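# Coordinate inspection notes
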Amino acid sequence: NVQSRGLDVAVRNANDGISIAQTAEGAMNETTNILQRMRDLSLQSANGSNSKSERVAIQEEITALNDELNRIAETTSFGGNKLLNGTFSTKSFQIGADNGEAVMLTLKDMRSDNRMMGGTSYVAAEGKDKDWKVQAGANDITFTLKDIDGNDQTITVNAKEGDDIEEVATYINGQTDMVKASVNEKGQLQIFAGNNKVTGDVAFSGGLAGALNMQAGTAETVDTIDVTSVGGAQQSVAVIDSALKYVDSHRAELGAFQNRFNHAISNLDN
Amino acid sequence: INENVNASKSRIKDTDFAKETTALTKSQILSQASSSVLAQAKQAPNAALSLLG
Amino acid sequence: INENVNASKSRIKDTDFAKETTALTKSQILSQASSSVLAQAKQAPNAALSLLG
Amino acid sequence: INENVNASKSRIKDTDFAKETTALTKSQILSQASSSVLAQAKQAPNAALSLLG
Amino acid sequence: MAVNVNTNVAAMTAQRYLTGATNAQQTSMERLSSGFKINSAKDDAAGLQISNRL
Amino acid sequence: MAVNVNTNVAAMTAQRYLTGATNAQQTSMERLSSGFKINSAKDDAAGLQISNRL
């Protein structure tokens, strides 16, 4: 009898956990939609037809959406218990008739200033212009880094001779997915390594890297992206892509949690 | 969030009509069976009365 | 490209209305079948009581 | 201004037909369930009567 | 198992299959109303990710 | 889940997606009436600014 009675409690607790995960995933869905809208706005801002005023307007919209993301993170709750602001840690839902058979669920901070929502930015000190082309013998750029698995990776990209800076950025984007390359107004090559594919600083080597003279890395997040400049919009596109991948990964974790818990409910009923 | 909150609040506050209906029928059958067995057990004193003679 | 990408996303994210309506109808009929089975099942204690006493 | 004011007044004074029809259906099912339970509950005193005497 | 008066295991099986069918029915109604096969990641997580990227 | 009479989540799903579809319908009908895809800054504010300047 104790078992039977406990099995029902376990079913009740499993349903409660499923409800909590569903609420968190709905809030996540909304944050994903807001992030996609912000990505479209930043992509629009990066175009050269806009003057300062259109960039300021897009920045106002992006600030509004950023405040909305922060509000969603800080206000979403399950019966007054906050979920996506980071104060909710791993909680063990008990889905067994006997103690010790609980399953821990962790939900992560969804604020736009979270580390996980951005990455590192490296901006070349030497800017190029329209007539600049890649020279022979100074076309190779090597990124030495390590992914979130810890593996050491060395990506050597040999840019084509005669390429201008934007063709170089496009080539770098095509050759690898570990970093995102873009160009600002001054012709400086910006490189973004999101904190979901790169751990620590990125080392630059080669003739092209020597010619560009990449500077130090600055930590960028969705809370610190601004599109009043071409380079700002280009970099916020990559920042929002990183944030979208992070949020989608958390949504996948919650969905797997819910599927496991539905299977547990069926088994416990049986 | 409101949809999810209502879905959660069901699973704690709302009635599982199937389960409660089954429990109601079980309780009525149990009560009728106890009423009948009490009605029969009321016949013990007349068995004690027939002890005379 | 945009057209091809939209077509790709339809094959993954969009729902198949024919298959979904068929599944919904099947689920509804299964639900009424289980409801009828439960209604007929609730009378087992009734049969036990009507057996005797 | 008149259009926006009418739109605002819709959100406060007008009715949500979908939500209201759902509420009416829920209330009708609840009322019928209470009617059935009352009709079944009125058969407690006669059960006590049929217990004995 | 024999004549039993206070527990109905057959009723329990009927309720379990009824709740399963009810879940399936709600999922079908949600899919039809939304028009999207994937509304939550519990439907298809990798499919949700690839569809969002697309 | 559990046959109940009080909360109808499927109804809330249908209502939410119905209101979304109605909002999309109203937006599309307004755009068709005016002939302008930007009738407010909530559509695309920067586009509104550049189109107004043009």
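Residues numbered from 1 in each chain as written, not as in the entry; some residues may be left out. Chains lettered and ligands numbered in written order. Part of a larger assembly, values for the part shown. Heavy atoms only, no water.

As stated in the entry header, the method of structure determination is cryo-EM and the reported resolution is 2.73 Å.

### So, the interface of chain C and chain E
Much of the literature gives interface size as the accessible area that the parts lose upon coming together. Facing 26 residues of chain C, the contacting portion of chain E comprises 27 residues. Between chain C and chain E the total buried area reaches about 2,200 Å² when both faces are included, carbon and sulfur atoms providing 69% of it. Inspection of the region where chain C meets chain E yields 1 salt bridge. The partner of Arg-31 of chain E in a salt bridge is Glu-20 of chain C, and the shortest N-O contact between them spans 2.9 Å. The interface formed by chain C and chain E holds 5 residue pairs in polar contact in total. Of the residues forming the side of chain C that touches chain E, the biggest block, 14 residues, is contributed by helix α2 (residues 17–41) of chain C. Grouping the constituent residues of the side of chain C that touches chain E by class yields 12 nonpolar, 8 polar and 6 charged. (Contact = heavy atoms within 4.5 Å. Buried area = accessible area lost by both parts, 1.4 Å probe. Salt bridge = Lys/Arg side-chain N within 4 Å of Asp/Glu carboxyl O. Polar contact = N/O pair within 3.5 Å; in protein donor to acceptor, adjacent residues only side chain to side chain. Helix = DSSP H or I, 4+ residues; strand = E, 2+ residues; numbered from the N terminus. Nonpolar A, V, L, I, M, F, W, Y, C, P; charged D, E, K, R; others polar.)

### Some words on the packing of helix α2 (residues 17–41) of chain B against helix α3 (residues 44–51) of chain C
In contact at an axis separation of 9 Å, α2 of chain B and α3 of chain C are set at 10 degrees when each is read in the N-to-C sense. Considered as vectors, α2 of chain B and α3 of chain C are oriented roughly parallel to each other. Here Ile-29, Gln-32 and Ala-33 of chain B of α2 of chain B lie close against α3 of chain C, whose contacting residues are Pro-45, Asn-46 and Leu-49 of chain C. Looking at side-chain class alone, the contact of α2 of chain B with α3 of chain C contains 4 nonpolar, 2 polar and no charged residues. (Axes fitted to C-alpha atoms, helices over the stretch in contact; angles between N-to-C directions. Parallel < 35°, antiparallel > 145°, perpendicular 65-115°, else oblique.)

### Some thoughts on the interface of chain C and chain B
Each partner contributes to the interface: chain C provides 6 residues, whereas chain B provides 8 residues. Contact between chain C and chain B buries roughly 600 Å² in total, counting both sides, with carbon and sulfur atoms accounting for 71%. Three residues stand out in chain C for area buried against chain B, namely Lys-42, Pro-45 and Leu-49 of chain C, and they jointly supply 64% of the buried area on that side. The interface formed by chain C and chain B includes 0 salt bridges. The element that contributes the greatest number of residues to the side of chain C that touches chain B is α3 of chain C, accounting for 3 residues. For the side of chain C that touches chain B, the residue count by class is 3 nonpolar, 2 polar and 1 charged.

### Regarding a nonpolar patch on the surface
Together, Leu-51 and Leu-52 of chain C together with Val-3 of chain E line one region of the surface with nonpolar side chains, adding up to about 350 Å² of accessible area. Tracing the chain through its elements places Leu-51 of chain C in helix α3. (Patch = residues over 30% accessible without salt bridge, like charges linked within 9 Å, V, L, I, M, F, W, Y side chains within 5 Å. Areas by Shrake-Rupley, 256 points an atom, 1.4 Å probe, with all protein chains shown as cover.)

### Details of the pairing of strand β4 (residues 140–146) of chain A
Residue and element names in this part refer to chain A. Examined bridge by bridge, β4 and strand β5 (residues 152–158) share 7 bridges and lie antiparallel to one another. Pairing of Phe-143 across the sheet is with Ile-155, part of β5. Between β4 and the antiparallel strand that follows it, β5, lie 5 residues; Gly-150 among them carries a positive phi value of about 105 degrees. Sheet topology places β4 next to strand β8 (residues 203–205); 3 bridges connect them, and they run antiparallel. Within β8, the position partnered with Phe-143 by the bridge is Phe-204. (Pairing = 2+ DSSP bridges.)

### Here's the deal with the environment of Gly-86 of chain A
Residue and element names in this part refer to chain A. Along the polypeptide, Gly-86 turns up in the loop between α2 (52–75) and β1 (91–94). Accessibility expressed as a relative area gives 36% for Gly-86, which makes it partly exposed. Counting along the chain gives 10 residues from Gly-86 to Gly-96, while the straight-line C-alpha distance between them is 27 Å. (Buried < 20%, exposed > 50% of the residue type's maximum accessible area, 1.4 Å probe, protein only.)

### Regarding the packing of helix α1 (residues 2–13) of chain C against helix α2 (residues 45–53) of chain E
It is the contact of α1 of chain C with α2 of chain E, at a shortest axis distance of 9 Å, that shows an interaxial angle of 160 degrees. Between α1 of chain C and α2 of chain E, the interaxial angle falls into the category roughly antiparallel. The handedness of the crossing between α1 of chain C and α2 of chain E is left-handed. Across the interface between the two elements, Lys-9, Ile-12 and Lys-13 of chain C from α1 of chain C touch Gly-47, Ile-50, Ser-51 and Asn-52 of chain E from α2 of chain E. (Left-handed = near helix turned anticlockwise from the far one by under 90°.)

### Some remarks on the side chain of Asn-52 of chain E
Relative to the helices and strands, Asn-52 of chain E resides in helix α2. Contact partners of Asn-52 of chain E, with chain neighbours within four places excluded, come to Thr-32, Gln-36, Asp-248 and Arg-251 of chain A together with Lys-13 of chain C.

### With respect to the nonpolar core
Residues and elements named next belong to chain A. The biggest cluster of nonpolar side chains holds 52 residues, and the ones touching the most others in it are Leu-35, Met-38, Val-222 and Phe-261. Secondary structure elements with two or more residues in this core: α1 (2–45), α2, β2 (102–105) and α5 (230–269). Excluding anything up to four places from it in sequence, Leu-35 contacts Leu-69, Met-117, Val-222, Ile-240, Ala-243, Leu-244 and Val-247. Within the second largest apolar cluster, 27 residues are counted, among which are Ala-159, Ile-165, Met-178 and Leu-212. (Core = buried A, V, L, I, M, F, W, Y, C linked by side-chain atoms within 4.5 Å.)

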